$ cat work-v2.cif   # mmCIF, C-alpha atoms
data_input
#
loop_
_atom_site.label_atom_id
_atom_site.label_comp_id
_atom_site.auth_asym_id
_atom_site.auth_seq_id
_atom_site.Cartn_x
_atom_site.Cartn_y
_atom_site.Cartn_z
CA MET A 1 69.50 40.05 -41.03
CA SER A 2 69.35 42.44 -38.05
CA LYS A 3 68.49 39.72 -35.51
CA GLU A 4 70.74 37.21 -37.29
CA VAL A 5 73.85 39.35 -36.75
CA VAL A 6 72.93 39.67 -33.06
CA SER A 7 72.03 35.96 -32.78
CA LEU A 8 75.30 34.58 -34.18
CA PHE A 9 77.37 36.97 -32.02
CA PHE A 10 75.95 35.43 -28.82
CA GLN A 11 76.18 31.82 -30.04
CA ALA A 12 79.76 32.46 -31.18
CA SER A 13 80.55 34.12 -27.83
CA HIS A 14 79.16 30.99 -26.13
CA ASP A 15 81.40 28.80 -28.31
CA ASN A 16 84.60 30.82 -27.68
CA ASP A 17 84.88 31.73 -31.37
CA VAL A 18 86.03 35.31 -30.67
CA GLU A 19 86.72 35.60 -34.42
CA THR A 20 83.14 35.24 -35.70
CA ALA A 21 81.84 37.39 -32.84
CA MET A 22 84.27 40.13 -33.91
CA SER A 23 83.15 39.73 -37.54
CA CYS A 24 79.61 40.87 -36.67
CA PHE A 25 81.10 44.26 -35.74
CA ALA A 26 81.91 47.08 -38.16
CA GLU A 27 85.31 48.78 -37.79
CA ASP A 28 83.51 51.80 -36.31
CA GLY A 29 81.47 49.50 -34.05
CA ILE A 30 81.36 50.49 -30.37
CA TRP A 31 80.41 48.92 -27.05
CA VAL A 32 78.96 51.13 -24.30
CA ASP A 33 78.67 49.57 -20.84
CA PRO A 34 75.96 50.20 -18.16
CA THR A 35 78.11 53.06 -16.85
CA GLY A 36 78.52 54.73 -20.25
CA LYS A 37 82.16 53.92 -21.09
CA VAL A 38 82.74 53.58 -24.84
CA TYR A 39 84.85 50.70 -26.19
CA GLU A 40 86.33 51.24 -29.66
CA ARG A 41 86.84 48.48 -32.24
CA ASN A 42 90.40 48.49 -30.85
CA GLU A 43 89.14 47.76 -27.34
CA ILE A 44 86.28 45.32 -28.04
CA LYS A 45 88.33 42.15 -28.58
CA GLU A 46 90.07 42.39 -25.18
CA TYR A 47 86.81 43.31 -23.42
CA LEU A 48 84.78 40.44 -24.93
CA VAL A 49 87.40 37.95 -23.69
CA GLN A 50 87.03 39.34 -20.16
CA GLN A 51 83.27 39.04 -20.65
CA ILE A 52 83.14 35.35 -21.62
CA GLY A 53 85.53 34.94 -18.67
CA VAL A 54 82.82 36.32 -16.36
CA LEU A 55 80.11 33.98 -17.67
CA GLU A 56 82.44 31.04 -16.94
CA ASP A 57 82.81 32.20 -13.33
CA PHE A 58 79.00 32.33 -13.18
CA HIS A 59 78.55 28.75 -14.42
CA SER A 60 81.32 27.69 -12.01
CA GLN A 61 79.49 29.21 -9.04
CA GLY A 62 76.04 27.86 -9.96
CA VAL A 63 74.98 31.47 -10.63
CA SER A 64 72.62 31.14 -13.59
CA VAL A 65 72.15 33.74 -16.34
CA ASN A 66 68.60 33.64 -17.69
CA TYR A 67 68.26 35.26 -21.13
CA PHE A 68 64.84 36.13 -22.55
CA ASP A 69 63.17 37.26 -25.74
CA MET A 70 65.34 38.52 -28.60
CA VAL A 71 63.25 40.88 -30.75
CA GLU A 72 63.68 43.38 -33.59
CA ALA A 73 62.27 46.91 -33.49
CA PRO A 74 60.81 48.35 -36.77
CA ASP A 75 63.95 50.48 -37.18
CA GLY A 76 66.23 47.45 -36.77
CA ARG A 77 67.17 47.75 -33.08
CA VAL A 78 67.35 44.26 -31.57
CA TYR A 79 66.51 43.96 -27.88
CA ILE A 80 67.39 41.19 -25.45
CA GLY A 81 67.33 41.01 -21.65
CA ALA A 82 69.39 39.16 -19.05
CA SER A 83 68.64 38.14 -15.45
CA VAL A 84 71.42 37.02 -13.12
CA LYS A 85 70.07 34.95 -10.22
CA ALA A 86 72.23 33.21 -7.60
CA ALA A 87 72.10 29.49 -6.78
CA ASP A 88 68.88 29.85 -4.77
CA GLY A 89 67.14 31.93 -7.45
CA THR A 90 67.74 35.32 -5.80
CA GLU A 91 68.13 37.88 -8.61
CA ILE A 92 71.32 39.88 -8.02
CA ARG A 93 71.34 41.89 -11.27
CA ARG A 94 69.41 42.55 -14.48
CA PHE A 95 70.94 43.71 -17.77
CA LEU A 96 69.56 44.84 -21.12
CA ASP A 97 71.10 45.33 -24.57
CA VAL A 98 70.03 47.48 -27.52
CA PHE A 99 71.84 46.83 -30.81
CA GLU A 100 72.00 49.61 -33.39
CA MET A 101 72.51 47.77 -36.68
CA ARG A 102 74.15 49.24 -39.79
CA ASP A 103 74.98 47.71 -43.20
CA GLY A 104 74.36 44.21 -41.79
CA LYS A 105 76.94 44.89 -39.06
CA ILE A 106 76.73 45.85 -35.37
CA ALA A 107 77.33 49.59 -35.02
CA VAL A 108 76.68 49.93 -31.28
CA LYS A 109 76.25 47.50 -28.40
CA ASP A 110 74.52 49.40 -25.59
CA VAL A 111 74.30 47.72 -22.19
CA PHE A 112 72.05 49.09 -19.44
CA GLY A 113 72.45 47.80 -15.88
CA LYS A 114 69.95 47.21 -13.06
CA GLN A 115 72.32 47.98 -10.18
CA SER B 1 49.85 44.22 -24.21
CA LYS B 2 51.66 47.04 -26.03
CA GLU B 3 48.23 48.73 -25.97
CA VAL B 4 48.55 48.87 -22.15
CA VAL B 5 52.03 50.43 -22.54
CA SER B 6 50.86 52.60 -25.43
CA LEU B 7 47.89 54.21 -23.65
CA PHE B 8 49.94 54.73 -20.45
CA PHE B 9 52.39 57.00 -22.32
CA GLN B 10 49.72 58.87 -24.29
CA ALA B 11 47.73 59.37 -21.07
CA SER B 12 50.90 60.52 -19.27
CA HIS B 13 51.41 63.03 -22.11
CA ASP B 14 47.83 64.26 -21.69
CA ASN B 15 48.05 64.67 -17.89
CA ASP B 16 45.34 62.04 -17.33
CA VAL B 17 47.08 60.51 -14.29
CA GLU B 18 43.90 58.45 -13.77
CA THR B 19 44.02 56.37 -16.96
CA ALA B 20 47.80 55.96 -16.62
CA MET B 21 47.23 54.55 -13.12
CA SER B 22 44.52 52.23 -14.47
CA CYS B 23 47.04 50.37 -16.65
CA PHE B 24 48.76 49.26 -13.42
CA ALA B 25 47.73 46.30 -11.27
CA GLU B 26 47.53 46.88 -7.50
CA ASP B 27 50.75 44.86 -7.13
CA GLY B 28 52.33 46.81 -10.00
CA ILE B 29 55.82 48.18 -9.30
CA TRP B 30 58.17 50.76 -10.80
CA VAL B 31 61.93 50.19 -10.57
CA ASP B 32 64.18 53.11 -11.50
CA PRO B 33 67.65 52.99 -13.21
CA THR B 34 69.20 52.72 -9.73
CA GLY B 35 67.00 49.82 -8.63
CA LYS B 36 64.62 51.53 -6.16
CA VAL B 37 61.18 49.89 -6.08
CA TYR B 38 58.02 52.03 -6.11
CA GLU B 39 54.89 50.31 -4.78
CA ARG B 40 51.37 50.95 -6.12
CA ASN B 41 51.18 53.33 -3.14
CA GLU B 42 54.20 55.28 -4.37
CA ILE B 43 53.60 55.28 -8.15
CA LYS B 44 50.99 58.05 -8.34
CA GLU B 45 53.22 60.63 -6.62
CA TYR B 46 56.28 59.55 -8.63
CA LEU B 47 54.52 59.73 -12.02
CA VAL B 48 53.46 63.32 -11.26
CA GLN B 49 57.09 64.24 -10.57
CA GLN B 50 57.94 62.49 -13.84
CA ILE B 51 55.55 64.40 -16.11
CA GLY B 52 56.89 67.45 -14.23
CA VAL B 53 60.39 66.64 -15.53
CA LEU B 54 59.26 66.28 -19.16
CA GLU B 55 57.68 69.75 -18.90
CA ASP B 56 61.01 71.20 -17.74
CA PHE B 57 62.58 69.51 -20.78
CA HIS B 58 60.13 71.05 -23.26
CA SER B 59 60.60 74.39 -21.49
CA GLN B 60 64.38 74.24 -21.97
CA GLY B 61 64.28 73.09 -25.61
CA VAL B 62 65.74 69.77 -24.43
CA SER B 63 64.06 67.22 -26.69
CA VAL B 64 63.19 63.64 -25.71
CA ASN B 65 63.37 61.34 -28.73
CA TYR B 66 61.44 58.09 -28.26
CA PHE B 67 61.96 55.16 -30.63
CA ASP B 68 60.46 51.82 -31.52
CA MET B 69 57.88 50.29 -29.18
CA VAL B 70 57.93 46.51 -29.64
CA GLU B 71 56.56 43.35 -28.02
CA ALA B 72 58.73 40.35 -27.14
CA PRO B 73 57.23 36.83 -27.69
CA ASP B 74 56.68 36.52 -23.92
CA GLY B 75 54.84 39.86 -23.77
CA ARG B 76 57.64 42.19 -22.63
CA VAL B 77 57.25 45.53 -24.40
CA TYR B 78 60.45 47.49 -25.05
CA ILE B 79 60.87 51.18 -25.79
CA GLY B 80 63.93 53.46 -25.73
CA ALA B 81 64.46 57.15 -24.97
CA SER B 82 67.21 59.59 -25.98
CA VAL B 83 67.55 62.96 -24.24
CA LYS B 84 69.47 65.44 -26.39
CA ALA B 85 70.01 69.12 -25.52
CA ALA B 86 69.02 72.06 -27.73
CA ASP B 87 72.00 71.55 -30.06
CA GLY B 88 71.42 67.79 -30.40
CA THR B 89 74.07 66.73 -27.86
CA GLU B 90 72.82 63.53 -26.19
CA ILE B 91 73.00 63.94 -22.40
CA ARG B 92 71.27 60.68 -21.38
CA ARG B 93 69.68 57.50 -22.73
CA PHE B 94 66.96 55.46 -21.02
CA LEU B 95 65.23 52.15 -21.68
CA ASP B 96 62.06 50.51 -20.33
CA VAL B 97 61.00 46.85 -20.13
CA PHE B 98 57.36 46.20 -19.21
CA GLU B 99 56.43 42.88 -17.62
CA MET B 100 52.73 42.47 -18.44
CA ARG B 101 50.24 40.41 -16.42
CA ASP B 102 46.48 39.88 -16.81
CA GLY B 103 46.31 42.79 -19.28
CA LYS B 104 47.88 45.05 -16.63
CA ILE B 105 51.39 46.43 -16.04
CA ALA B 106 53.11 44.34 -13.37
CA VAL B 107 56.56 45.96 -13.50
CA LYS B 108 57.97 49.10 -15.10
CA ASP B 109 61.75 48.66 -15.26
CA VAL B 110 63.86 51.67 -16.21
CA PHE B 111 67.55 51.30 -17.10
CA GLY B 112 69.75 54.41 -17.33
CA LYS B 113 72.72 55.39 -19.50
CA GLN B 114 74.50 57.47 -16.86
#

$ encode --input "work-v2.cif" --output "structure tokens"
Amino acid sequence: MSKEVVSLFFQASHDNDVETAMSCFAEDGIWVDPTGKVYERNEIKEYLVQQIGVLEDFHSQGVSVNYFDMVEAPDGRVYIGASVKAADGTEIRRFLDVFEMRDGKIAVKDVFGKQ
Amino acid sequence: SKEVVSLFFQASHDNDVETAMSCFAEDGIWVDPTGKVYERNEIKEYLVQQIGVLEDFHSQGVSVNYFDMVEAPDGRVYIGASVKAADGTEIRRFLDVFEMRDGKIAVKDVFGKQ
């Protein structure tokens, strides 16, 4: 369940199905960015559209995002990591996500950034 | 794998800098939230400053609340930290990803919730 909610969200976000991705969130679901800014359920839909817009710009510029290892903690926290290398393979940024899960819905998306 | 990350923490809690340093390979690094790399030369000093911080936390009632140490299929071991004040107000979050190599820590990678 826990992983499955987090799995679909990404796949859906890759397939521009904003709807299903938004379904995985509870109405009190939040999204906290590397810098600690909280996005309410009001603010998520807009943000996520900007976010799939970024990934496009990456694929357009040969910049390759390299995901790795989606895993569930005993409490239900699901971890995944991202690595953003350029065209040559030079890593420009790392990112990590922790997903607090609640009632089979995403309660918090928590992004940490490797500036 | 997690055993390397497990011991390291326990040792670091027990001021046994030696064992904690053993879990690291000689080309082991430590990258902080802000992306500064600490070489195997620089780790020992840093780690002493770091257990010095945790003391100051316990002294000020500020409670670190660890949660859920887990191994990814590749061998990356994740753990998270939450630093609440005396009242329970969360001041900071932290997360670590451990790249493991040859039964030794290759990289400690800290991400910060500023």

$ closest_atom_pairs --input "work-v2.cif" --of "chain B" --to "chain A" --cutoff "9 Å" --atoms "all atoms listed in the file" --output "CSV"
residue,atom,partner,partner_atom,distance
B:31,CA,A:114,CA,8.9
B:32,CA,A:114,CA,8.4
B:33,CA,A:114,CA,6.2
B:34,CA,A:115,CA,5.7
B:35,CA,A:115,CA,5.8
B:67,CA,A:75,CA,8.3
B:68,CA,A:73,CA,5.6
B:69,CA,A:73,CA,7.0
B:70,CA,A:73,CA,5.8
B:71,CA,A:71,CA,7.6
B:72,CA,A:69,CA,5.6
B:73,CA,A:69,CA,6.3
B:74,CA,A:69,CA,6.8
B:75,CA,A:69,CA,8.9
B:76,CA,A:69,CA,8.0
B:78,CA,A:79,CA,7.6
B:79,CA,A:73,CA,8.9
B:80,CA,A:98,CA,8.7
B:94,CA,A:112,CA,8.3
B:95,CA,A:112,CA,7.8
B:97,CA,A:81,CA,8.7
B:109,CA,A:114,CA,8.6
B:110,CA,A:114,CA,8.2
B:111,CA,A:112,CA,5.5
B:112,CA,A:112,CA,6.2
B:113,CA,A:36,CA,5.9
B:114,CA,A:35,CA,5.7

$ resolve_selection --input "work-v2.cif" --expression "the PyMOL selection byres ((chain B and resi 49-60) around 8)" --output "PyMOL selection string"
chain B and resi 12-13+15+45-48+61-64+86

$ residues_around --input "work-v2.cif" --residues "residue 87 of chain A" --least-positions-apart "4" --cutoff "10 Å" --atoms "only C-alpha atoms" --output "MDAnalysis selection string"
chainID A and resid 58 61:64 91

$ residues_around --input "work-v2.cif" --residues "segment 16-20 of chain A" --least-positions-apart "4" --cutoff "12 Å" --atoms "only C-alpha atoms" --output "NGL selection string"
:A and (5-12 or 24-25 or 44-53 or 55-56 or 105)

$ atom_distance --input "work-v2.cif" --atom1 "atom CA of residue 8 of chain B" --atom2 "atom CA of residue 20 of chain B"
4.6 Å

$ resolve_selection --input "work-v2.cif" --expression "the PyMOL selection byres ((chain B and resi 23) around 7)" --output "ChimeraX atom specification"
/B:4,8,19-22,24-25,104-105

$ closest_residue --input "work-v2.cif" --among "B:1, B:108, B:66, B:9" --to "residue 36 of chain B" --atoms "only C-alpha atoms"
B:108

$ residues_around --input "work-v2.cif" --residues "residue 83 of chain B" --least-positions-apart "5" --cutoff "6 Å" --atoms "all atoms listed in the file" --output "PyMOL selection string"
chain B and resi 64+90-92

$ atom_distance --input "work-v2.cif" --atom1 "atom CA of residue 42 of chain B" --atom2 "atom CA of residue 84 of chain B"
28.7 Å

$ axis_aligned_box --input "work-v2.cif" --around "segment 98-113 of chain A" --padding-each-side "8 Å" --output "AutoDock Vina command-line options"
--center_x 73.7 --center_y 47.1 --center_z -29.5 --size_x 23.3 --size_y 21.7 --size_z 43.3

$ atom_distance --input "work-v2.cif" --atom1 "atom CA of residue 43 of chain A" --atom2 "atom CA of residue 60 of chain A"
26.4 Å

$ resolve_selection --input "work-v2.cif" --expression "the PyMOL selection byres ((chain A and resi 109) around 6)" --output "PyMOL selection string"
chain A and resi 31+99+108+110

$ residues_around --input "work-v2.cif" --residues "residue 104 of chain A" --least-positions-apart "3" --cutoff "8 Å" --atoms "all atoms listed in the file" --output "VMD selection string"
chain A and resid 1 to 2 5 101

$ residues_around --input "work-v2.cif" --residues "residue 107 of chain B" --least-positions-apart "5" --cutoff "6 Å" --atoms "all atoms listed in the file" --output "ChimeraX atom specification"
/B:28-30,98-99

$ write_last_selection --input "work-v2.cif" --atoms "C-alpha atoms" --output "PDB file, in the coordinates of the input"
ATOM      1  CA  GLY B  28      52.330  46.810 -10.000  1.00  0.00           C
ATOM      2  CA  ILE B  29      55.820  48.180  -9.300  1.00  0.00           C
ATOM      3  CA  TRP B  30      58.170  50.760 -10.800  1.00  0.00           C
ATOM      4  CA  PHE B  98      57.360  46.200 -19.210  1.00  0.00           C
ATOM      5  CA  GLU B  99      56.430  42.880 -17.620  1.00  0.00           C
TER       6      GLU B  99
END

$ decode --input "work-v2.cif" --residues "segment 68-104 of chain B" --atoms "N, CA and C atoms" --output "PDB file, in the first residue's frame"
ATOM      1  N   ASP B  68      13.523   4.911  11.864  1.00  0.00           N
ATOM      2  CA  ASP B  68      13.381   3.997  10.741  1.00  0.00           C
ATOM      3  C   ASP B  68      14.667   3.928   9.922  1.00  0.00           C
ATOM      4  N   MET B  69      15.563   3.021  10.325  1.00  0.00           N
ATOM      5  CA  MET B  69      16.766   2.729   9.563  1.00  0.00           C
ATOM      6  C   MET B  69      16.460   1.547   8.645  1.00  0.00           C
ATOM      7  N   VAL B  70      16.700   1.739   7.339  1.00  0.00           N
ATOM      8  CA  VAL B  70      16.261   0.806   6.310  1.00  0.00           C
ATOM      9  C   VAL B  70      17.298   0.714   5.194  1.00  0.00           C
ATOM     10  N   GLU B  71      17.347  -0.456   4.547  1.00  0.00           N
ATOM     11  CA  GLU B  71      18.295  -0.726   3.479  1.00  0.00           C
ATOM     12  C   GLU B  71      17.557  -0.793   2.144  1.00  0.00           C
ATOM     13  N   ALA B  72      18.046  -0.012   1.174  1.00  0.00           N
ATOM     14  CA  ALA B  72      17.569  -0.063  -0.198  1.00  0.00           C
ATOM     15  C   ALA B  72      18.141  -1.296  -0.896  1.00  0.00           C
ATOM     16  N   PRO B  73      17.486  -1.818  -1.962  1.00  0.00           N
ATOM     17  CA  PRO B  73      17.960  -3.018  -2.661  1.00  0.00           C
ATOM     18  C   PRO B  73      19.400  -2.948  -3.169  1.00  0.00           C
ATOM     19  N   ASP B  74      19.907  -1.725  -3.369  1.00  0.00           N
ATOM     20  CA  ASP B  74      21.257  -1.516  -3.871  1.00  0.00           C
ATOM     21  C   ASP B  74      22.251  -1.553  -2.713  1.00  0.00           C
ATOM     22  N   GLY B  75      21.770  -1.232  -1.505  1.00  0.00           N
ATOM     23  CA  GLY B  75      22.603  -1.240  -0.314  1.00  0.00           C
ATOM     24  C   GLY B  75      22.625   0.106   0.409  1.00  0.00           C
ATOM     25  N   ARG B  76      21.969   1.119  -0.174  1.00  0.00           N
ATOM     26  CA  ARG B  76      21.850   2.420   0.469  1.00  0.00           C
ATOM     27  C   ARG B  76      20.984   2.281   1.717  1.00  0.00           C
ATOM     28  N   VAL B  77      21.490   2.795   2.844  1.00  0.00           N
ATOM     29  CA  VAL B  77      20.785   2.702   4.112  1.00  0.00           C
ATOM     30  C   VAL B  77      20.311   4.095   4.521  1.00  0.00           C
ATOM     31  N   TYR B  78      18.987   4.234   4.661  1.00  0.00           N
ATOM     32  CA  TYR B  78      18.365   5.512   4.956  1.00  0.00           C
ATOM     33  C   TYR B  78      17.974   5.567   6.429  1.00  0.00           C
ATOM     34  N   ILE B  79      18.131   6.759   7.010  1.00  0.00           N
ATOM     35  CA  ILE B  79      17.624   7.083   8.331  1.00  0.00           C
ATOM     36  C   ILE B  79      17.249   8.563   8.319  1.00  0.00           C
ATOM     37  N   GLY B  80      16.296   8.936   9.180  1.00  0.00           N
ATOM     38  CA  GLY B  80      15.869  10.318   9.297  1.00  0.00           C
ATOM     39  C   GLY B  80      15.956  10.811  10.738  1.00  0.00           C
ATOM     40  N   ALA B  81      16.140  12.128  10.884  1.00  0.00           N
ATOM     41  CA  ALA B  81      16.239  12.775  12.180  1.00  0.00           C
ATOM     42  C   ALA B  81      15.258  13.943  12.247  1.00  0.00           C
ATOM     43  N   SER B  82      14.714  14.171  13.447  1.00  0.00           N
ATOM     44  CA  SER B  82      13.830  15.289  13.722  1.00  0.00           C
ATOM     45  C   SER B  82      14.260  15.946  15.030  1.00  0.00           C
ATOM     46  N   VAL B  83      14.565  17.246  14.955  1.00  0.00           N
ATOM     47  CA  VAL B  83      15.088  17.990  16.090  1.00  0.00           C
ATOM     48  C   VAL B  83      14.002  18.941  16.588  1.00  0.00           C
ATOM     49  N   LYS B  84      13.297  18.511  17.642  1.00  0.00           N
ATOM     50  CA  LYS B  84      12.282  19.322  18.294  1.00  0.00           C
ATOM     51  C   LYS B  84      12.892  19.966  19.535  1.00  0.00           C
ATOM     52  N   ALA B  85      12.339  21.124  19.922  1.00  0.00           N
ATOM     53  CA  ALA B  85      12.743  21.837  21.123  1.00  0.00           C
ATOM     54  C   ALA B  85      12.235  21.102  22.364  1.00  0.00           C
ATOM     55  N   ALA B  86      12.114  21.838  23.475  1.00  0.00           N
ATOM     56  CA  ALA B  86      11.685  21.272  24.745  1.00  0.00           C
ATOM     57  C   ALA B  86      10.170  21.073  24.755  1.00  0.00           C
ATOM     58  N   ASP B  87       9.457  21.916  23.997  1.00  0.00           N
ATOM     59  CA  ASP B  87       8.002  21.906  23.964  1.00  0.00           C
ATOM     60  C   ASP B  87       7.499  20.880  22.950  1.00  0.00           C
ATOM     61  N   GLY B  88       8.352  20.538  21.980  1.00  0.00           N
ATOM     62  CA  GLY B  88       7.988  19.621  20.912  1.00  0.00           C
ATOM     63  C   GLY B  88       7.965  20.307  19.548  1.00  0.00           C
ATOM     64  N   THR B  89       8.270  21.611  19.536  1.00  0.00           N
ATOM     65  CA  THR B  89       8.334  22.389  18.306  1.00  0.00           C
ATOM     66  C   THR B  89       9.558  21.965  17.496  1.00  0.00           C
ATOM     67  N   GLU B  90       9.302  21.453  16.286  1.00  0.00           N
ATOM     68  CA  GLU B  90      10.330  20.950  15.387  1.00  0.00           C
ATOM     69  C   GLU B  90      11.080  22.126  14.768  1.00  0.00           C
ATOM     70  N   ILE B  91      12.391  22.196  15.031  1.00  0.00           N
ATOM     71  CA  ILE B  91      13.213  23.301  14.558  1.00  0.00           C
ATOM     72  C   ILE B  91      13.909  22.923  13.250  1.00  0.00           C
ATOM     73  N   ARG B  92      14.253  21.634  13.100  1.00  0.00           N
ATOM     74  CA  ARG B  92      14.991  21.148  11.941  1.00  0.00           C
ATOM     75  C   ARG B  92      14.721  19.660  11.720  1.00  0.00           C
ATOM     76  N   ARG B  93      14.772  19.252  10.444  1.00  0.00           N
ATOM     77  CA  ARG B  93      14.810  17.852  10.051  1.00  0.00           C
ATOM     78  C   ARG B  93      16.115  17.588   9.305  1.00  0.00           C
ATOM     79  N   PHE B  94      16.574  16.334   9.350  1.00  0.00           N
ATOM     80  CA  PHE B  94      17.776  15.915   8.649  1.00  0.00           C
ATOM     81  C   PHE B  94      17.556  14.507   8.106  1.00  0.00           C
ATOM     82  N   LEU B  95      18.230  14.191   6.994  1.00  0.00           N
ATOM     83  CA  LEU B  95      18.226  12.832   6.483  1.00  0.00           C
ATOM     84  C   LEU B  95      19.619  12.437   5.999  1.00  0.00           C
ATOM     85  N   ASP B  96      19.918  11.135   6.108  1.00  0.00           N
ATOM     86  CA  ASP B  96      21.186  10.556   5.697  1.00  0.00           C
ATOM     87  C   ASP B  96      20.947   9.416   4.706  1.00  0.00           C
ATOM     88  N   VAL B  97      21.767   9.392   3.646  1.00  0.00           N
ATOM     89  CA  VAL B  97      21.888   8.259   2.737  1.00  0.00           C
ATOM     90  C   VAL B  97      23.338   7.782   2.788  1.00  0.00           C
ATOM     91  N   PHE B  98      23.516   6.470   2.996  1.00  0.00           N
ATOM     92  CA  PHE B  98      24.833   5.871   3.128  1.00  0.00           C
ATOM     93  C   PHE B  98      25.116   4.982   1.921  1.00  0.00           C
ATOM     94  N   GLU B  99      26.004   5.440   1.032  1.00  0.00           N
ATOM     95  CA  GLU B  99      26.561   4.564   0.015  1.00  0.00           C
ATOM     96  C   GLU B  99      27.586   3.641   0.670  1.00  0.00           C
ATOM     97  N   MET B 100      27.358   2.330   0.523  1.00  0.00           N
ATOM     98  CA  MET B 100      28.180   1.309   1.153  1.00  0.00           C
ATOM     99  C   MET B 100      29.061   0.664   0.086  1.00  0.00           C
ATOM    100  N   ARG B 101      30.278   0.270   0.483  1.00  0.00           N
ATOM    101  CA  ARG B 101      31.243  -0.308  -0.438  1.00  0.00           C
ATOM    102  C   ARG B 101      32.230  -1.182   0.333  1.00  0.00           C
ATOM    103  N   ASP B 102      32.276  -2.470  -0.036  1.00  0.00           N
ATOM    104  CA  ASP B 102      33.229  -3.441   0.485  1.00  0.00           C
ATOM    105  C   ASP B 102      33.039  -3.630   1.991  1.00  0.00           C
ATOM    106  N   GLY B 103      31.796  -3.458   2.460  1.00  0.00           N
ATOM    107  CA  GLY B 103      31.470  -3.568   3.873  1.00  0.00           C
ATOM    108  C   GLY B 103      31.972  -2.369   4.675  1.00  0.00           C
ATOM    109  N   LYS B 104      32.185  -1.246   3.976  1.00  0.00           N
ATOM    110  CA  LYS B 104      32.656  -0.005   4.569  1.00  0.00           C
ATOM    111  C   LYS B 104      31.811   1.148   4.031  1.00  0.00           C
TER     112      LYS B 104
END
